[PDB]
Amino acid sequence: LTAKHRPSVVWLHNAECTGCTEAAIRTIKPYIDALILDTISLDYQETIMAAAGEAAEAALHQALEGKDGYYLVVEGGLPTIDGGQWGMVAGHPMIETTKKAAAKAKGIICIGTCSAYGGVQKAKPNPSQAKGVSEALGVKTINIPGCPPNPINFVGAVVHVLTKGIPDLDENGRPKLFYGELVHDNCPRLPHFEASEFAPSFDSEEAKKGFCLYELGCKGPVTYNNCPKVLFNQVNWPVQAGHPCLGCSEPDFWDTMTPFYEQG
């Protein structure tokens, strides 16, 4: 309810591309305006907040000191080289502010593979010594990975946390509600996979016929996500668009799932 005290959410941006913020605002159940006007009090969020500079820093501190507490959403990994100085907001290393916010949060939701597991800046040779949030700070996190995750998964997690408690998590901290099944197990090309009907190239007649993309590097068989079941943007997902899965909800996929166009 708009006029009620709505649960406070503080959203921090660390070493990120903002693709996760962008994914969150693609939500349609509810739309983002309904979420922030009716369901949560979104009290800090750099991409969209009005205040800048000292006024924005004052808004963060007002939120962190709120009597009712707050939930913390983190987007992006933590660069730790040089005392954290390669990623700073308001003159403070990202690792310092995230540590402070995490210490008193009612719950921590890591949106995206970067905050969950370290993500793209952690890929070898990791020049910034980037870490995932739990990796760097040793706090338990609810992880909503993918690059970016489906808004269904993130908003669903937020709503679950506020309404029901912590959802059941897998060994990688991911809610089983969204991450319990392999991409591959729900792929419409699975009969082609079972029959060893694989496209050998993107120009092939096999590709035009919609054959399985395993020989072209598809990581669906080792990736936990709900992509084929829920789709993206109510219209599509990568294999429906003829492209292999990259494994983007898996930890360290940049180094474990590459080369992307091979199984090697």
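Throughout, we count residues from 1 along the sequence that is shown.
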Inset, instruction - Look up the CA B-factors in the entry and say which stretch, 119 to 127 or 67 to 75, has the higher mean. - result: 67 to 75
Inset, instruction - Read off the CA B-factors in the entry, average them over 129 to 137 and over 156 to 164, and name the higher stretch. - result: 156 to 164
Inset, instruction - Identify, among 151, 107, 175, 112, the residue whose C-alpha carries the highest B-factor in the deposited PDB entry. - result: 107
Inset, instruction - Kindly indicate the residue among 94, 183, 103, 147 with the greatest C-alpha B-factor in the PDB record. - result: 103
Inset, instruction - Just say lowest, middle or highest third for the CA B-factor of residue 47 relative to the other modelled residues in its chain. - result: middle
Inset, instruction - Check where residue 221 lands among this chain's C-alpha B-factors and tell me if it's the lowest, middle or highest third. - result: middle
Legend entry - Third of chain Cα B-factors occupied by residue 228: middle
Inset, instruction - Using the B-factor values recorded in the entry, state whether the Cα atom of residue 195 falls in the lowest, middle or highest third among the modelled residues of its chain. - result: middle
Inset, instruction - Among all modelled residues of this chain, ranked by Cα B factor, put residue 36 in the bottom, middle or top third, i.e. lowest, middle or highest. - result: highest
